[PDB]
Amino acid sequence: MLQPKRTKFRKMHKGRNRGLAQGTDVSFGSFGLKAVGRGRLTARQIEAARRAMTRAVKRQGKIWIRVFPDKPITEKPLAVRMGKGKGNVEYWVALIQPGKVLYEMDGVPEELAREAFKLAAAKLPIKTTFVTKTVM
Amino acid sequence: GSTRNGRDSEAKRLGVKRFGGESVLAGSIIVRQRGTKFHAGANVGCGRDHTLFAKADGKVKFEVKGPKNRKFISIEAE
Amino acid sequence: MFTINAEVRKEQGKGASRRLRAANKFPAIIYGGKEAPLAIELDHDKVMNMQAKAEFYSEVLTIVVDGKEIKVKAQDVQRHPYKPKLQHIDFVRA
RNA sequence: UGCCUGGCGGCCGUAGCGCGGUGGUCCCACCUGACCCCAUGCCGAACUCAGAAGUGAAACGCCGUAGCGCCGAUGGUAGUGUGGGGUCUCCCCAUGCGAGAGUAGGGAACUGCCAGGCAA
RNA sequence: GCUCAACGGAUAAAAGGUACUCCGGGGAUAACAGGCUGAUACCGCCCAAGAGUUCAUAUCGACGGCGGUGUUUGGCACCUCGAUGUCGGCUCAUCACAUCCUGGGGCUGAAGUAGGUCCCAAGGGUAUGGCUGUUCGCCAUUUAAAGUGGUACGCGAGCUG
RNA sequence: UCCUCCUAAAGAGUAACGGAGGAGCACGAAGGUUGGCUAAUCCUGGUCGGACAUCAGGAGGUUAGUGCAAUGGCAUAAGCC
RNA sequence: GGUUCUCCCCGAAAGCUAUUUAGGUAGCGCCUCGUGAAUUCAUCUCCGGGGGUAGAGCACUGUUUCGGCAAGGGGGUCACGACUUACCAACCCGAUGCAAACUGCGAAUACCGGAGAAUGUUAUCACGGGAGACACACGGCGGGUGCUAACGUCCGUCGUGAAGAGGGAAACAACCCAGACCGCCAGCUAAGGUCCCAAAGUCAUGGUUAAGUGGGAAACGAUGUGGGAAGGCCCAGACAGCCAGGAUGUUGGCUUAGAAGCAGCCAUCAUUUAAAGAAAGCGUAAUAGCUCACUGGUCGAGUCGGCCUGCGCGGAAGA
């Protein structure tokens with residue numbers, strides 16, 4: 001579980017997920033996992049989609065994780081009425097815009113990277129696609 | 001449970017009262033501000049609260065001077 | 001040996017560029033040297049198959065507009081965020 | 001009228017850093033001696049006095065160099081005022097405004113007043 | 001000369017119980033039930049690490065995700081305080097199928113009997129008892145089966161307490 | 001009860017049992033005027049002396065300080081003597 | 001709780017501050033009447049302005065990914081000194097993201113002031129008389145909170161209802177069009193519609209749908225279908241069948257028990273040749289063995305695999 005270390009504040013606002021993405025170009029690796037749908041990824045979903053992906057590309061090679069959550073999400077307990085303060089932090093989400101590359105990979109053939117990003121895309125609530133590092 | 005916040009203060013009503021070319025009678029407060037965000041220039045005084053008060057029934061005009069570019073508040077004399 | 005037929009834009013902006021993008025086309029521009037930047041209007045379906053080659057981003061292009069021939073290169077390209085298509089290409093007139 | 005230099009300004013990084021070169025008959029700085037005017041919470045290092053032997057070393061001014069900083073198009077994109085629509089936690093259409101970042105490029109400041117030196 | 005801190009300070013001076021209670025009102029405001037949503041609950045689906053003698057997908061399926069129902073626990077307080085009687089029991093029932101059996105089939109790690117999973121199908125049937133006020137739950141003995149839910153957690157101008 | 005930031009939607013203002021902190025003081029110098037000065041944190045050398053005391057030099061630039069929690073401001077210094 | 005005749009004109013609010021105050025009351029913001037005043041005010045154009053929000057970025061405060069130099073650290077190794085160093089790793093450097101409490105940047109709107117044409121029953125301000133109201137609700141936009149749940153709650157602006165009848169969405173205050181002085185068996189039109197109930201096109205042209213889609217619902221799956229840009233192999237003969245081979249020393253290494261075409265490291269050689277990969281699976285305790293790849297004949301004209309799209313199918317079970 002990717003969790004931040006000593007944040008400035010414990011709890012922040014909800015916030016909207018409007019706008020476009022910034023990490024569009026595949027920079028570090030040769031084959032990327034670019035997101036198409038607009039959603040968000042909790043801290044368990046990155047680590048779960050990493051286990052089903054790293055095992056298919058057997059441990060030689062290298063995988064870049066282009067996202068980090070750094071956003072707390074509160075949750076009220078059961079049988080608790082509204083108000084009376086803010087809820088307690090339970091998990092950490094990463095706000096994903098359309099076009100954000102999620103994972104990158106280099107050191108594998110194009111066939112092995114094709115049949116491994118599909119195994120990680122079934123762990124994610126958002127619709128992703130397969131992209132390739134282009135020149136310039 | 002309980003809460004520990006819920007405390008603030010009487011909004012101080014700061015900012016600029018009289019803008020650009022807008023005739024001000026001497027002694028008229030122009031900018032009420034925390035520090036010297038806007039500095040006093042020609043014909044305009046600065047108070048003990050960094051309220052730049054006019055000093056000559058005239059216009060206003062903001063500028064940028066020196067080598068720090070600090071909005072500056074002068075007073076054209078009409 | 002790379003020849004791209006193009007035209008001259010008559011309307012420019014955000015609303016003029018999105019009408020032109022929904023018709024399988026995208027705008028571009030040729031600039032450089034000391035002449036005026038010429039607004040370039042060309043088809044998307046040809047150039048999308050041209051940029052699959054690795055020599056499209058390295059060699060000298062020949063864009064034909066108004067009957068003339070202008071030798072250019074590739075400087076800056078704007079990919080679409082989630083679709084395999086283009087939005088704008090900067091051409092250095094060289 | 002030109003080249004320099006010194007004092008006072010506008011403008012404030014196209015004006016600021018780095019490297020290399022150069023300037024002393026003028027001016028400026030370093031320097032010289034300090035018992036005295038003054039003064040170091042010790043030291044005349046600073047400040048202050050009386051002078052001019054030497055140097056342009058350090059500082060300062062000028063020139064070149066883009067190696068940085070900085071300025072900055074045109075087009076595109078995000079955003080958004082008004083009126084509608086949709087598979088309506090978001091997006092599109094008509095119209096108006098239009099970034100930021102980035103690219104080509106520009107770029108080693110310009111100038112006002114007075115005094116002194118020099119050539120006319 | 002006032003932590004007149006309940007800080008625009010009702011007095012210089014002030015705590016509790018009412019199931020013995022009583023009056024004026026409120027669904028401006030809770031408890032039973034209805035209504036909106038579905039955090040939670042139940043059920044179904046997607047990838048496939050593995051267990052299964054080798055074999056992911058006979059069977060179970062981790063790490064995660066997506067949905068459906070309104071049966072549990074919860075959220076709001078929109079009707080109801082010029083009265084909507086409510087846990088369990090008896091009598092009488094009605095509907096859905098997410099089917100307990102009976103009926104028709106696929107696969108099987110199905111030799112046969114006996115099984116396991118899944119699909120279609122609601123026509124009919126679906127325990128007597130000891131304990132507890134009990135719905136639930138434990139136990140004895142049957143039975144083809146002793147089903148899951150909705151109807152104001154059905155039913156007090158039908159009975160009980 | 002009061003003060004600082006955000007929510008607060010680029011004039012002001014703006015709610016919630018919304019998210020973070022403080023105050024109910026102090027000072028006759030910590031005020032006024034005049035004069036002068038620029039740190040934090042590192043690197044090297046040097047007696048005890050070491051990661052950190054004091055001394056010399058370099059980079060760096062206000063990342064320091066502003067009596068007190070925060071915001072704005074401060075080199076003409078409001079910082080220090 | 002009730003508050004009794006009629007007509008005309010104007011017309012609110014459910015907000016702020018205070019309150020032993022929250023359902024009450026006072027002032028102000030809002031309403032009505034009268035009086036007195038300035039091209040008073042509004043809309044629009046131009047000019048002068050202050051931002052710091054949306055967006056963007058990492059110069060500052062933090063968070064985080066990768067690569068290089070790399071102190072320091074680490075495990076182990078020696079004889080007061082230290083040799084090997086699978087490892088963690090501070091500051092800059094190159095690249096990449098995030099932030100309400102970050103801003104070297106920075107809108108659109110909104111607000112203040114000045115000049116000007118037109119329009120608006122002075123619509124603007126001050127004073128005096130009288131109030132009511134201070135329980136608001138929904139929809140769009142920017143949000144806090146809740147589960148980016150609620151016909152949920154709390155904010156700022158606008159509209160509607162309240163306090164607005166009429167048409168439409170079947171019925172349905174708050175959704176859309178549109179503001180009822182009265183009368184008429186007159187015409188035009190907005191929202192929405194034109195087969196019938198029910199007034200109006202069984203209207204013209206070009207496509208799509210086979211699902212009753214239209215007339216609820218996603219992840220995901222699939223030779224449904226239409227349109228477009230390209231590619232591989234091809235009448236020196238393609239694509240799916242039919243007929244022949246589909247093997248050889250490899251019991252190769254491996255801990256020396258066997259993995260041996262199809263167990264793990266593995267290289268992934270090389271001949272016999274028209275064709276065979278020391279195998280993708282089917283068999284095994286390992287082999288045996290069925291089999292297509294890769295090659296010829298037969299056959300004969302097109303076939304196959306990916307992308308963006310429009311309408312479709314399943315997932316889809318309630319009393």
# chains A, B, ... in the order shown; residues from 1 in each chain; ligands from 1
$ interface_residues --of "chain B" --to "chain A" --cutoff "8 Å" --atoms "only C-alpha atoms" --output "ChimeraX atom specification"
/B:1-3
$ residues_around --residues "region 12-29 of chain B" --least-positions-apart "5" --cutoff "10 Å" --atoms "only C-alpha atoms (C1' of nucleotides)" --output "PyMOL selection string"
(chain B and resi 34+38+43-47+51-62+73-78) or (chain F and resi 11-13) or (chain G and resi 48-51+112-114)
$ closest_residue --among "G:316, G:74, G:43, G:111" --to "chain B" --atoms "only C-alpha atoms (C1' of nucleotides)"
G:111
$ interface_residues --of "chain F" --to "chain A" --cutoff "12 Å" --atoms "only C-alpha atoms (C1' of nucleotides)" --output "number ranges by chain"
F: 6-7, 16-20
$ write_last_selection --atoms "N, CA and C atoms (P, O5', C5', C4', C3', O3' and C1' of nucleotides)" --output "PDB file, in the first residue's frame"
ATOM      1  P     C F   6      -6.805  32.989   3.387  1.00  0.00           P
ATOM      2  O5'   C F   6      -7.427  31.544   3.142  1.00  0.00           O
ATOM      3  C5'   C F   6      -6.704  30.547   2.436  1.00  0.00           C
ATOM      4  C4'   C F   6      -7.329  29.187   2.612  1.00  0.00           C
ATOM      5  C3'   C F   6      -8.763  29.050   2.130  1.00  0.00           C
ATOM      6  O3'   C F   6      -8.846  28.813   0.736  1.00  0.00           O
ATOM      7  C1'   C F   6      -8.494  28.001   4.254  1.00  0.00           C
ATOM      8  P     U F   7     -10.085  29.385  -0.108  1.00  0.00           P
ATOM      9  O5'   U F   7     -11.339  28.541   0.405  1.00  0.00           O
ATOM     10  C5'   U F   7     -11.507  27.180   0.025  1.00  0.00           C
ATOM     11  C4'   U F   7     -12.594  26.493   0.819  1.00  0.00           C
ATOM     12  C3'   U F   7     -13.992  27.076   0.683  1.00  0.00           C
ATOM     13  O3'   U F   7     -14.656  26.589  -0.472  1.00  0.00           O
ATOM     14  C1'   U F   7     -13.502  26.657   2.972  1.00  0.00           C
ATOM     15  P     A F  16     -21.569  28.760  12.041  1.00  0.00           P
ATOM     16  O5'   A F  16     -21.729  27.192  11.832  1.00  0.00           O
ATOM     17  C5'   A F  16     -23.010  26.580  11.816  1.00  0.00           C
ATOM     18  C4'   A F  16     -22.915  25.156  11.332  1.00  0.00           C
ATOM     19  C3'   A F  16     -21.750  24.354  11.898  1.00  0.00           C
ATOM     20  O3'   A F  16     -22.037  23.775  13.161  1.00  0.00           O
ATOM     21  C1'   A F  16     -21.784  24.138   9.543  1.00  0.00           C
ATOM     22  P     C F  17     -21.699  24.568  14.520  1.00  0.00           P
ATOM     23  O5'   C F  17     -20.950  23.493  15.423  1.00  0.00           O
ATOM     24  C5'   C F  17     -19.653  23.026  15.075  1.00  0.00           C
ATOM     25  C4'   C F  17     -19.572  21.519  15.072  1.00  0.00           C
ATOM     26  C3'   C F  17     -20.527  20.804  14.115  1.00  0.00           C
ATOM     27  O3'   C F  17     -19.871  19.685  13.523  1.00  0.00           O
ATOM     28  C1'   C F  17     -20.891  20.042  16.333  1.00  0.00           C
ATOM     29  P     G F  18     -20.036  19.402  11.949  1.00  0.00           P
ATOM     30  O5'   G F  18     -19.236  20.591  11.254  1.00  0.00           O
ATOM     31  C5'   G F  18     -17.867  20.817  11.552  1.00  0.00           C
ATOM     32  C4'   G F  18     -17.012  20.732  10.315  1.00  0.00           C
ATOM     33  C3'   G F  18     -15.512  20.735  10.549  1.00  0.00           C
ATOM     34  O3'   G F  18     -15.008  19.468  10.926  1.00  0.00           O
ATOM     35  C1'   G F  18     -16.038  22.254   8.824  1.00  0.00           C
ATOM     36  P     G F  19     -13.792  19.368  11.969  1.00  0.00           P
ATOM     37  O5'   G F  19     -12.512  19.758  11.106  1.00  0.00           O
ATOM     38  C5'   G F  19     -12.113  18.960  10.003  1.00  0.00           C
ATOM     39  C4'   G F  19     -10.938  19.557   9.272  1.00  0.00           C
ATOM     40  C3'   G F  19      -9.720  19.880  10.117  1.00  0.00           C
ATOM     41  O3'   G F  19      -8.923  18.743  10.398  1.00  0.00           O
ATOM     42  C1'   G F  19     -10.193  21.694   8.679  1.00  0.00           C
ATOM     43  P     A F  20      -8.066  18.680  11.754  1.00  0.00           P
ATOM     44  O5'   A F  20      -6.880  19.708  11.503  1.00  0.00           O
ATOM     45  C5'   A F  20      -6.319  20.457  12.569  1.00  0.00           C
ATOM     46  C4'   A F  20      -5.369  21.510  12.053  1.00  0.00           C
ATOM     47  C3'   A F  20      -4.635  22.323  13.106  1.00  0.00           C
ATOM     48  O3'   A F  20      -3.517  21.643  13.650  1.00  0.00           O
ATOM     49  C1'   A F  20      -5.514  23.777  11.474  1.00  0.00           C
TER      50        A F  20
END
$ residues_around --residues "residue 98 (chain G)" --least-positions-apart "5" --cutoff "12 Å" --atoms "only C-alpha atoms (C1' of nucleotides)" --output "MDAnalysis selection string"
(chainID A and resid 4 21:23 66:71 93:96) or (chainID G and resid 57:58 62:64)
$ residues_around --residues "residue 27 (chain E)" --least-positions-apart "2" --cutoff "9 Å" --atoms "only C-alpha atoms (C1' of nucleotides)" --output "list in words"
residues 29, 79, 80 and 81 of chain E
$ write_last_selection --atoms "N, CA and C atoms (P, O5', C5', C4', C3', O3' and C1' of nucleotides)" --output "PDB file, in the first residue's frame"
ATOM      1  P     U E  29     -37.597  20.443  13.123  1.00  0.00           P
ATOM      2  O5'   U E  29     -37.740  19.232  14.148  1.00  0.00           O
ATOM      3  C5'   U E  29     -36.853  18.120  14.081  1.00  0.00           C
ATOM      4  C4'   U E  29     -37.217  17.023  15.054  1.00  0.00           C
ATOM      5  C3'   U E  29     -38.516  16.272  14.760  1.00  0.00           C
ATOM      6  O3'   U E  29     -38.356  14.896  15.109  1.00  0.00           O
ATOM      7  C1'   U E  29     -38.631  17.241  16.914  1.00  0.00           C
ATOM      8  P     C E  79     -43.684  16.611   7.082  1.00  0.00           P
ATOM      9  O5'   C E  79     -44.701  15.417   6.795  1.00  0.00           O
ATOM     10  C5'   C E  79     -45.708  15.536   5.802  1.00  0.00           C
ATOM     11  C4'   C E  79     -46.746  14.448   5.916  1.00  0.00           C
ATOM     12  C3'   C E  79     -47.324  14.224   7.303  1.00  0.00           C
ATOM     13  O3'   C E  79     -48.380  15.122   7.587  1.00  0.00           O
ATOM     14  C1'   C E  79     -46.768  12.142   6.301  1.00  0.00           C
ATOM     15  P     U E  80     -48.465  15.838   9.017  1.00  0.00           P
ATOM     16  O5'   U E  80     -48.779  14.644  10.023  1.00  0.00           O
ATOM     17  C5'   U E  80     -50.046  14.006   9.995  1.00  0.00           C
ATOM     18  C4'   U E  80     -50.047  12.690  10.730  1.00  0.00           C
ATOM     19  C3'   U E  80     -49.644  12.728  12.194  1.00  0.00           C
ATOM     20  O3'   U E  80     -50.696  13.163  13.038  1.00  0.00           O
ATOM     21  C1'   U E  80     -48.590  10.899  11.106  1.00  0.00           C
ATOM     22  P     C E  81     -50.682  14.645  13.661  1.00  0.00           P
ATOM     23  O5'   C E  81     -50.192  14.430  15.160  1.00  0.00           O
ATOM     24  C5'   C E  81     -50.900  13.568  16.037  1.00  0.00           C
ATOM     25  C4'   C E  81     -50.341  13.615  17.437  1.00  0.00           C
ATOM     26  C3'   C E  81     -50.284  14.983  18.098  1.00  0.00           C
ATOM     27  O3'   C E  81     -51.527  15.334  18.682  1.00  0.00           O
ATOM     28  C1'   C E  81     -48.287  13.727  18.533  1.00  0.00           C
TER      29        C E  81
END
$ interface_residues --of "chain B" --to "chain D" --cutoff "10 Å" --atoms "only C-alpha atoms (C1' of nucleotides)" --output "NGL selection string"
:B and (64-69)
$ select_by_dssp --residues "region 38-73 of chain B" --states "strand (DSSP E or B)" --output "PyMOL selection string"
chain B and resi 39-40+44-46+52-54+58+62-63+72-73
$ interface_residues --of "chain D" --to "chain A" --cutoff "10 Å" --atoms "only C-alpha atoms (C1' of nucleotides)" --output "ChimeraX atom specification"
/D:78-79,89-90
$ residues_around --residues "region 56-72 of chain C" --least-positions-apart "3" --cutoff "6 Å" --atoms "only C-alpha atoms (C1' of nucleotides)" --output "PyMOL selection string"
chain C and resi 2-7+51+53+91-94
$ residues_around --residues "residue 45 (chain C)" --least-positions-apart "4" --cutoff "9 Å" --atoms "only C-alpha atoms (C1' of nucleotides)" --output "ChimeraX atom specification"
/C:24-25,49 /G:229
$ closest_residue --among "C:55, C:90, C:43, C:35" --to "chain G" --atoms "only C-alpha atoms (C1' of nucleotides)"
C:43
$ decode --residues "region 25-111 of chain A" --atoms "C-alpha atoms" --output "PDB file, in the first residue's frame"
ATOM      1  CA  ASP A  25       3.816  10.822 -22.927  1.00  0.00           C
ATOM      2  CA  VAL A  26       5.568   7.584 -21.993  1.00  0.00           C
ATOM      3  CA  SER A  27       8.909   8.840 -20.664  1.00  0.00           C
ATOM      4  CA  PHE A  28      10.705   6.242 -18.539  1.00  0.00           C
ATOM      5  CA  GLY A  29       9.739   2.957 -20.215  1.00  0.00           C
ATOM      6  CA  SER A  30       8.843   1.798 -23.710  1.00  0.00           C
ATOM      7  CA  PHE A  31       5.268   0.547 -23.197  1.00  0.00           C
ATOM      8  CA  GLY A  32       2.742   2.381 -21.048  1.00  0.00           C
ATOM      9  CA  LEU A  33      -0.651   1.749 -19.457  1.00  0.00           C
ATOM     10  CA  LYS A  34      -2.659   4.893 -20.198  1.00  0.00           C
ATOM     11  CA  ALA A  35      -6.027   5.551 -18.572  1.00  0.00           C
ATOM     12  CA  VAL A  36      -9.113   6.467 -20.580  1.00  0.00           C
ATOM     13  CA  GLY A  37     -11.949   6.690 -18.041  1.00  0.00           C
ATOM     14  CA  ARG A  38     -12.281   9.345 -15.344  1.00  0.00           C
ATOM     15  CA  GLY A  39     -12.141   7.840 -11.858  1.00  0.00           C
ATOM     16  CA  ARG A  40      -9.793   7.402  -8.928  1.00  0.00           C
ATOM     17  CA  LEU A  41      -7.531   4.625  -7.653  1.00  0.00           C
ATOM     18  CA  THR A  42      -7.299   3.715  -3.974  1.00  0.00           C
ATOM     19  CA  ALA A  43      -3.981   2.675  -2.430  1.00  0.00           C
ATOM     20  CA  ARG A  44      -4.983  -0.998  -2.419  1.00  0.00           C
ATOM     21  CA  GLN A  45      -5.785  -0.918  -6.149  1.00  0.00           C
ATOM     22  CA  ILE A  46      -2.269   0.098  -7.222  1.00  0.00           C
ATOM     23  CA  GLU A  47      -0.697  -2.659  -5.110  1.00  0.00           C
ATOM     24  CA  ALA A  48      -3.237  -5.265  -6.263  1.00  0.00           C
ATOM     25  CA  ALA A  49      -2.798  -4.402  -9.949  1.00  0.00           C
ATOM     26  CA  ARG A  50       0.984  -4.539  -9.433  1.00  0.00           C
ATOM     27  CA  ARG A  51       1.000  -8.127  -8.113  1.00  0.00           C
ATOM     28  CA  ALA A  52      -1.033  -9.489 -11.038  1.00  0.00           C
ATOM     29  CA  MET A  53       1.200  -7.596 -13.497  1.00  0.00           C
ATOM     30  CA  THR A  54       4.739  -8.149 -12.150  1.00  0.00           C
ATOM     31  CA  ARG A  55       4.215 -11.923 -11.966  1.00  0.00           C
ATOM     32  CA  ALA A  56       3.306 -12.096 -15.666  1.00  0.00           C
ATOM     33  CA  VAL A  57       6.554 -10.346 -16.706  1.00  0.00           C
ATOM     34  CA  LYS A  58       8.700 -12.671 -14.536  1.00  0.00           C
ATOM     35  CA  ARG A  59      10.843 -10.610 -12.260  1.00  0.00           C
ATOM     36  CA  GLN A  60      13.598  -9.678 -14.735  1.00  0.00           C
ATOM     37  CA  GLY A  61      12.673  -6.386 -16.357  1.00  0.00           C
ATOM     38  CA  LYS A  62      11.677  -3.084 -14.811  1.00  0.00           C
ATOM     39  CA  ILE A  63       8.304  -1.496 -14.013  1.00  0.00           C
ATOM     40  CA  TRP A  64       7.692   2.201 -13.295  1.00  0.00           C
ATOM     41  CA  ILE A  65       4.758   3.368 -11.170  1.00  0.00           C
ATOM     42  CA  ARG A  66       3.758   6.801 -12.464  1.00  0.00           C
ATOM     43  CA  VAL A  67       1.005   7.506  -9.893  1.00  0.00           C
ATOM     44  CA  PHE A  68       1.018   8.172  -6.146  1.00  0.00           C
ATOM     45  CA  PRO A  69      -2.169   8.733  -4.092  1.00  0.00           C
ATOM     46  CA  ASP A  70      -1.241  11.503  -1.541  1.00  0.00           C
ATOM     47  CA  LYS A  71      -4.914  12.294  -0.836  1.00  0.00           C
ATOM     48  CA  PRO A  72      -6.750  11.090   2.292  1.00  0.00           C
ATOM     49  CA  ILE A  73     -10.338   9.847   2.281  1.00  0.00           C
ATOM     50  CA  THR A  74     -12.481   9.916   5.401  1.00  0.00           C
ATOM     51  CA  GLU A  75     -15.208   7.416   6.272  1.00  0.00           C
ATOM     52  CA  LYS A  76     -17.795   7.625   9.023  1.00  0.00           C
ATOM     53  CA  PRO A  77     -18.302   4.474  11.134  1.00  0.00           C
ATOM     54  CA  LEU A  78     -21.524   2.461  11.166  1.00  0.00           C
ATOM     55  CA  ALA A  79     -24.470   3.680  13.300  1.00  0.00           C
ATOM     56  CA  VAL A  80     -23.008   7.204  13.484  1.00  0.00           C
ATOM     57  CA  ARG A  81     -25.215  10.208  12.758  1.00  0.00           C
ATOM     58  CA  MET A  82     -24.272  13.068  10.455  1.00  0.00           C
ATOM     59  CA  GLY A  83     -22.075  15.918  11.609  1.00  0.00           C
ATOM     60  CA  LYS A  84     -20.162  15.955  14.916  1.00  0.00           C
ATOM     61  CA  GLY A  85     -16.842  16.449  13.152  1.00  0.00           C
ATOM     62  CA  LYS A  86     -14.954  14.988  10.215  1.00  0.00           C
ATOM     63  CA  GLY A  87     -14.525  11.248   9.748  1.00  0.00           C
ATOM     64  CA  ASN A  88     -11.331   9.280  10.237  1.00  0.00           C
ATOM     65  CA  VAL A  89      -8.814   8.633   7.464  1.00  0.00           C
ATOM     66  CA  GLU A  90      -9.126   5.079   6.126  1.00  0.00           C
ATOM     67  CA  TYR A  91      -7.452   4.930   2.697  1.00  0.00           C
ATOM     68  CA  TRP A  92      -5.635   7.021   0.086  1.00  0.00           C
ATOM     69  CA  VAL A  93      -6.882   7.671  -3.454  1.00  0.00           C
ATOM     70  CA  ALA A  94      -5.113   8.912  -6.574  1.00  0.00           C
ATOM     71  CA  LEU A  95      -7.192  11.261  -8.718  1.00  0.00           C
ATOM     72  CA  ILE A  96      -6.923   9.896 -12.260  1.00  0.00           C
ATOM     73  CA  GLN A  97      -7.701  12.115 -15.233  1.00  0.00           C
ATOM     74  CA  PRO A  98      -8.211  10.768 -18.774  1.00  0.00           C
ATOM     75  CA  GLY A  99      -4.816  10.421 -20.430  1.00  0.00           C
ATOM     76  CA  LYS A 100      -2.707   9.704 -17.335  1.00  0.00           C
ATOM     77  CA  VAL A 101      -0.194   6.896 -17.836  1.00  0.00           C
ATOM     78  CA  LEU A 102      -0.495   4.519 -14.882  1.00  0.00           C
ATOM     79  CA  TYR A 103       2.319   1.982 -15.346  1.00  0.00           C
ATOM     80  CA  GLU A 104       5.319   1.787 -17.666  1.00  0.00           C
ATOM     81  CA  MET A 105       7.494  -1.159 -18.603  1.00  0.00           C
ATOM     82  CA  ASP A 106      10.774  -1.807 -20.420  1.00  0.00           C
ATOM     83  CA  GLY A 107      12.834  -4.937 -20.989  1.00  0.00           C
ATOM     84  CA  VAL A 108      10.019  -7.162 -22.295  1.00  0.00           C
ATOM     85  CA  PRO A 109       8.801  -7.915 -25.828  1.00  0.00           C
ATOM     86  CA  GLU A 110       5.674  -6.284 -27.216  1.00  0.00           C
ATOM     87  CA  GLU A 111       3.689  -9.531 -26.898  1.00  0.00           C
TER      88      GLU A 111
END
